[PDB]
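Below is work_3.cif, which holds mmCIF, N, CA, C and O atoms.
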```
data_entry
#
loop_
_atom_site.group_PDB
_atom_site.id
_atom_site.type_symbol
_atom_site.label_atom_id
_atom_site.label_comp_id
_atom_site.auth_asym_id
_atom_site.auth_seq_id
_atom_site.Cartn_x
_atom_site.Cartn_y
_atom_site.Cartn_z
ATOM 1 N N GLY A 1 -38.077 220.148 85.487
ATOM 2 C CA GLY A 1 -38.203 221.564 85.947
ATOM 3 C C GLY A 1 -39.660 222.027 85.829
ATOM 4 O O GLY A 1 -40.470 221.327 85.264
ATOM 5 N N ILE A 2 -39.953 223.183 86.370
ATOM 6 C CA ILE A 2 -41.321 223.783 86.343
ATOM 7 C C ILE A 2 -42.355 223.441 85.261
ATOM 8 O O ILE A 2 -43.485 223.147 85.590
ATOM 9 N N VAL A 3 -41.959 223.477 84.022
ATOM 10 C CA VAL A 3 -42.920 223.173 82.903
ATOM 11 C C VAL A 3 -42.772 221.803 82.265
ATOM 12 O O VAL A 3 -43.345 221.526 81.228
ATOM 13 N N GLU A 4 -42.005 220.975 82.914
ATOM 14 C CA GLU A 4 -41.790 219.599 82.410
ATOM 15 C C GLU A 4 -42.577 218.812 83.454
ATOM 16 O O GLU A 4 -43.368 217.961 83.118
ATOM 17 N N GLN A 5 -42.329 219.144 84.695
ATOM 18 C CA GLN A 5 -42.990 218.505 85.873
ATOM 19 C C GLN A 5 -44.442 218.082 85.572
ATOM 20 O O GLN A 5 -44.808 216.933 85.723
ATOM 21 N N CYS A 6 -45.199 219.063 85.144
ATOM 22 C CA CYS A 6 -46.642 218.866 84.803
ATOM 23 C C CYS A 6 -47.041 218.823 83.321
ATOM 24 O O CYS A 6 -48.221 218.706 83.071
ATOM 25 N N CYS A 7 -46.150 218.909 82.364
ATOM 26 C CA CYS A 7 -46.597 218.849 80.932
ATOM 27 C C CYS A 7 -46.050 217.525 80.413
ATOM 28 O O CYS A 7 -46.501 216.994 79.417
ATOM 29 N N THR A 8 -45.079 217.057 81.153
ATOM 30 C CA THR A 8 -44.379 215.793 80.873
ATOM 31 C C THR A 8 -44.841 214.836 81.990
ATOM 32 O O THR A 8 -44.026 214.332 82.739
ATOM 33 N N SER A 9 -46.145 214.657 82.018
ATOM 34 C CA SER A 9 -46.908 213.782 82.989
ATOM 35 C C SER A 9 -47.984 214.701 83.607
ATOM 36 O O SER A 9 -48.153 215.818 83.153
ATOM 37 N N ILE A 10 -48.688 214.246 84.615
ATOM 38 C CA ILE A 10 -49.735 215.120 85.226
ATOM 39 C C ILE A 10 -49.082 215.989 86.300
ATOM 40 O O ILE A 10 -49.181 217.194 86.211
ATOM 41 N N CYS A 11 -48.458 215.322 87.242
ATOM 42 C CA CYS A 11 -47.719 215.911 88.427
ATOM 43 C C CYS A 11 -48.711 215.924 89.628
ATOM 44 O O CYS A 11 -49.865 215.611 89.406
ATOM 45 N N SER A 12 -48.293 216.265 90.834
ATOM 46 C CA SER A 12 -49.261 216.271 92.000
ATOM 47 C C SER A 12 -49.455 217.656 92.658
ATOM 48 O O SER A 12 -48.833 218.624 92.275
ATOM 49 N N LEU A 13 -50.325 217.675 93.639
ATOM 50 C CA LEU A 13 -50.681 218.908 94.419
ATOM 51 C C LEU A 13 -49.578 219.441 95.351
ATOM 52 O O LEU A 13 -49.712 220.508 95.917
ATOM 53 N N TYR A 14 -48.522 218.688 95.476
ATOM 54 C CA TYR A 14 -47.365 219.063 96.344
ATOM 55 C C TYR A 14 -46.289 219.450 95.365
ATOM 56 O O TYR A 14 -45.581 220.425 95.515
ATOM 57 N N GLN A 15 -46.219 218.607 94.376
ATOM 58 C CA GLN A 15 -45.230 218.809 93.289
ATOM 59 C C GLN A 15 -45.572 220.154 92.632
ATOM 60 O O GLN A 15 -44.689 220.799 92.108
ATOM 61 N N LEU A 16 -46.838 220.514 92.705
ATOM 62 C CA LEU A 16 -47.325 221.799 92.115
ATOM 63 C C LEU A 16 -47.406 222.891 93.189
ATOM 64 O O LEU A 16 -47.932 223.964 92.977
ATOM 65 N N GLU A 17 -46.855 222.568 94.321
ATOM 66 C CA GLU A 17 -46.824 223.503 95.482
ATOM 67 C C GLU A 17 -45.411 224.093 95.430
ATOM 68 O O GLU A 17 -45.225 225.274 95.636
ATOM 69 N N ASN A 18 -44.497 223.192 95.153
ATOM 70 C CA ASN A 18 -43.026 223.430 95.025
ATOM 71 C C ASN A 18 -42.568 224.326 93.851
ATOM 72 O O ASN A 18 -41.763 223.983 93.004
ATOM 73 N N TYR A 19 -43.163 225.469 93.895
ATOM 74 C CA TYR A 19 -42.965 226.591 92.945
ATOM 75 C C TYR A 19 -42.789 227.757 93.927
ATOM 76 O O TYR A 19 -41.971 228.629 93.711
ATOM 77 N N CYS A 20 -43.580 227.729 94.983
ATOM 78 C CA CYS A 20 -43.535 228.775 96.058
ATOM 79 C C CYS A 20 -43.245 227.998 97.357
ATOM 80 O O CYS A 20 -42.932 226.825 97.282
ATOM 81 N N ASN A 21 -43.359 228.682 98.479
ATOM 82 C CA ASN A 21 -43.133 228.149 99.876
ATOM 83 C C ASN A 21 -41.968 228.907 100.526
ATOM 84 O O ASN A 21 -42.063 230.081 100.819
ATOM 85 N N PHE B 1 -58.167 221.324 92.254
ATOM 86 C CA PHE B 1 -57.105 220.506 91.609
ATOM 87 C C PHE B 1 -57.577 220.067 90.217
ATOM 88 O O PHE B 1 -58.741 220.145 89.875
ATOM 89 N N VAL B 2 -56.612 219.619 89.464
ATOM 90 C CA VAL B 2 -56.840 219.131 88.073
ATOM 91 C C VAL B 2 -55.909 217.924 87.928
ATOM 92 O O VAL B 2 -54.972 217.759 88.683
ATOM 93 N N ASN B 3 -56.205 217.128 86.943
ATOM 94 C CA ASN B 3 -55.397 215.896 86.663
ATOM 95 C C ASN B 3 -55.142 215.877 85.150
ATOM 96 O O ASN B 3 -55.537 214.966 84.448
ATOM 97 N N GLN B 4 -54.472 216.907 84.700
ATOM 98 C CA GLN B 4 -54.135 217.073 83.256
ATOM 99 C C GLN B 4 -52.703 217.653 83.156
ATOM 100 O O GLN B 4 -52.020 217.792 84.153
ATOM 101 N N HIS B 5 -52.294 217.973 81.952
ATOM 102 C CA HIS B 5 -50.940 218.553 81.709
ATOM 103 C C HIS B 5 -51.185 220.088 81.689
ATOM 104 O O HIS B 5 -52.203 220.532 81.181
ATOM 105 N N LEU B 6 -50.244 220.828 82.241
ATOM 106 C CA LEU B 6 -50.355 222.333 82.302
ATOM 107 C C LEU B 6 -49.357 223.125 81.441
ATOM 108 O O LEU B 6 -49.117 224.296 81.666
ATOM 109 N N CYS B 7 -48.835 222.427 80.480
ATOM 110 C CA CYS B 7 -47.843 222.955 79.484
ATOM 111 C C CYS B 7 -47.653 224.487 79.371
ATOM 112 O O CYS B 7 -48.160 225.120 78.465
ATOM 113 N N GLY B 8 -46.915 224.999 80.324
ATOM 114 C CA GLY B 8 -46.568 226.450 80.461
ATOM 115 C C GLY B 8 -47.492 227.498 79.851
ATOM 116 O O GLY B 8 -47.544 227.686 78.654
ATOM 117 N N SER B 9 -48.167 228.126 80.776
ATOM 118 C CA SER B 9 -49.176 229.220 80.604
ATOM 119 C C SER B 9 -50.428 228.754 81.311
ATOM 120 O O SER B 9 -51.215 229.560 81.769
ATOM 121 N N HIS B 10 -50.575 227.458 81.377
ATOM 122 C CA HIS B 10 -51.775 226.909 82.072
ATOM 123 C C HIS B 10 -51.269 226.694 83.476
ATOM 124 O O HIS B 10 -52.008 226.857 84.420
ATOM 125 N N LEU B 11 -50.020 226.304 83.572
ATOM 126 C CA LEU B 11 -49.375 226.078 84.896
ATOM 127 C C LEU B 11 -49.690 227.300 85.705
ATOM 128 O O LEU B 11 -50.206 227.182 86.780
ATOM 129 N N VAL B 12 -49.350 228.403 85.099
ATOM 130 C CA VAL B 12 -49.529 229.779 85.628
ATOM 131 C C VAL B 12 -50.941 230.036 86.181
ATOM 132 O O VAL B 12 -51.133 231.031 86.853
ATOM 133 N N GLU B 13 -51.887 229.161 85.922
ATOM 134 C CA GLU B 13 -53.263 229.390 86.426
ATOM 135 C C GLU B 13 -53.352 228.438 87.586
ATOM 136 O O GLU B 13 -53.851 228.770 88.641
ATOM 137 N N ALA B 14 -52.832 227.268 87.342
ATOM 138 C CA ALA B 14 -52.845 226.225 88.385
ATOM 139 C C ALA B 14 -51.740 226.563 89.399
ATOM 140 O O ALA B 14 -51.633 225.944 90.438
ATOM 141 N N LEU B 15 -50.967 227.554 89.036
ATOM 142 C CA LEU B 15 -49.845 228.051 89.856
ATOM 143 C C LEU B 15 -50.361 229.304 90.571
ATOM 144 O O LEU B 15 -50.038 229.551 91.714
ATOM 145 N N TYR B 16 -51.154 230.055 89.861
ATOM 146 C CA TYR B 16 -51.757 231.309 90.413
ATOM 147 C C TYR B 16 -52.672 230.924 91.579
ATOM 148 O O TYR B 16 -52.646 231.502 92.645
ATOM 149 N N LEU B 17 -53.469 229.935 91.303
ATOM 150 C CA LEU B 17 -54.448 229.398 92.286
ATOM 151 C C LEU B 17 -53.802 228.630 93.437
ATOM 152 O O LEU B 17 -54.454 228.406 94.440
ATOM 153 N N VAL B 18 -52.555 228.260 93.285
ATOM 154 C CA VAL B 18 -51.911 227.489 94.389
ATOM 155 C C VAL B 18 -50.935 228.272 95.253
ATOM 156 O O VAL B 18 -50.939 228.196 96.467
ATOM 157 N N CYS B 19 -50.136 229.012 94.546
ATOM 158 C CA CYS B 19 -49.085 229.854 95.155
ATOM 159 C C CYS B 19 -49.210 231.324 94.778
ATOM 160 O O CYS B 19 -48.290 232.083 94.991
ATOM 161 N N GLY B 20 -50.335 231.694 94.233
ATOM 162 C CA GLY B 20 -50.541 233.114 93.833
ATOM 163 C C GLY B 20 -50.222 234.138 94.936
ATOM 164 O O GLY B 20 -49.354 234.980 94.799
ATOM 165 N N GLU B 21 -50.962 234.000 96.000
ATOM 166 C CA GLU B 21 -50.839 234.880 97.214
ATOM 167 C C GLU B 21 -49.425 234.968 97.821
ATOM 168 O O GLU B 21 -49.083 235.938 98.470
ATOM 169 N N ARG B 22 -48.657 233.941 97.587
ATOM 170 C CA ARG B 22 -47.248 233.862 98.106
ATOM 171 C C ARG B 22 -46.290 234.100 96.943
ATOM 172 O O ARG B 22 -45.114 234.310 97.143
ATOM 173 N N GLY B 23 -46.836 234.053 95.759
ATOM 174 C CA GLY B 23 -46.025 234.248 94.527
ATOM 175 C C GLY B 23 -45.297 232.907 94.366
ATOM 176 O O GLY B 23 -45.437 232.048 95.218
ATOM 177 N N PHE B 24 -44.553 232.723 93.312
ATOM 178 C CA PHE B 24 -43.831 231.419 93.146
ATOM 179 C C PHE B 24 -42.399 231.555 92.635
ATOM 180 O O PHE B 24 -41.451 231.277 93.346
ATOM 181 N N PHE B 25 -42.301 231.985 91.410
ATOM 182 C CA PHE B 25 -40.986 232.169 90.734
ATOM 183 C C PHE B 25 -40.793 233.646 90.375
ATOM 184 O O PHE B 25 -41.375 234.539 90.956
#
```
Structure re-expressed in structure tokens:
Amino acid sequence: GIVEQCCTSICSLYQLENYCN
Amino acid sequence: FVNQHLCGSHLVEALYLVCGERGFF
């Protein structure tokens, strides 16, 4: 989920896009 | 972009800068 995606690894610029859209 | 962990509150900056204008959650 939102704060695991990128704190539990780096995550990407799309994966970090998928909060809005 | 950054290549680090954003452990909630930092996300919000890397989130502000990405989806700020459209909002996110």
Give me, as CSV, the closest atom pair and its distance (Å, one decimal) for every residue of chain A within a cut-off of 7 Å of range 14-19 of chain B, counting all atoms listed in the file, rows sorted by chain and rising number.
```
residue,atom,partner,partner_atom,distance
A:16,O,B:14,O,4.9
A:17,O,B:19,CA,6.0
A:19,C,B:19,CA,6.7
A:20,CA,B:19,CA,5.7
A:21,N,B:19,CA,6.7
```
- request: Write out as a PyMOL selection string which residues come within 8 Å of residue 2 in chain B when counting only N, CA, C and O atoms, dropping same-chain ones fewer than 2 positions away.
  value: (chain A and resi 10-13) or (chain B and resi 4-5+14)
Convert the current residue selection to file output with N, CA, C and O atoms, as an mmCIF file, in the coordinates of the input.
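Generated output (selection-v6.cif):
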```cif
data_model
loop_
_atom_site.group_PDB
_atom_site.id
_atom_site.type_symbol
_atom_site.label_atom_id
_atom_site.label_comp_id
_atom_site.auth_asym_id
_atom_site.auth_seq_id
_atom_site.Cartn_x
_atom_site.Cartn_y
_atom_site.Cartn_z
ATOM 1 N N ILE A 10 -48.688 214.246 84.615
ATOM 2 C CA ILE A 10 -49.735 215.120 85.226
ATOM 3 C C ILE A 10 -49.082 215.989 86.300
ATOM 4 O O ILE A 10 -49.181 217.194 86.211
ATOM 5 N N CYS A 11 -48.458 215.322 87.242
ATOM 6 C CA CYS A 11 -47.719 215.911 88.427
ATOM 7 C C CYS A 11 -48.711 215.924 89.628
ATOM 8 O O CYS A 11 -49.865 215.611 89.406
ATOM 9 N N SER A 12 -48.293 216.265 90.834
ATOM 10 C CA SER A 12 -49.261 216.271 92.000
ATOM 11 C C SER A 12 -49.455 217.656 92.658
ATOM 12 O O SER A 12 -48.833 218.624 92.275
ATOM 13 N N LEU A 13 -50.325 217.675 93.639
ATOM 14 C CA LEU A 13 -50.681 218.908 94.419
ATOM 15 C C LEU A 13 -49.578 219.441 95.351
ATOM 16 O O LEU A 13 -49.712 220.508 95.917
ATOM 17 N N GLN B 4 -54.472 216.907 84.700
ATOM 18 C CA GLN B 4 -54.135 217.073 83.256
ATOM 19 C C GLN B 4 -52.703 217.653 83.156
ATOM 20 O O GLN B 4 -52.020 217.792 84.153
ATOM 21 N N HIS B 5 -52.294 217.973 81.952
ATOM 22 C CA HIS B 5 -50.940 218.553 81.709
ATOM 23 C C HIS B 5 -51.185 220.088 81.689
ATOM 24 O O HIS B 5 -52.203 220.532 81.181
ATOM 25 N N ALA B 14 -52.832 227.268 87.342
ATOM 26 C CA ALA B 14 -52.845 226.225 88.385
ATOM 27 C C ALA B 14 -51.740 226.563 89.399
ATOM 28 O O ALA B 14 -51.633 225.944 90.438
#
```
message: I need the contact residues of chain B against chain A, so if you could list those with any atom within 4.5 Å, counting all atoms listed in the file, and return them as a list in words, that would help.
response: residues 4, 5, 6, 7, 23, 24 and 25 of chain B
- request: as a ChimeraX atom specification, list the residues of chain A assigned to alpha helix (DSSP H) by DSSP on the backbone atoms of this structure.
  value: /A:2-5
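Separating atom N of residue 21 in chain B from atom O of residue 9 in chain B is a distance of 14.9 Å.
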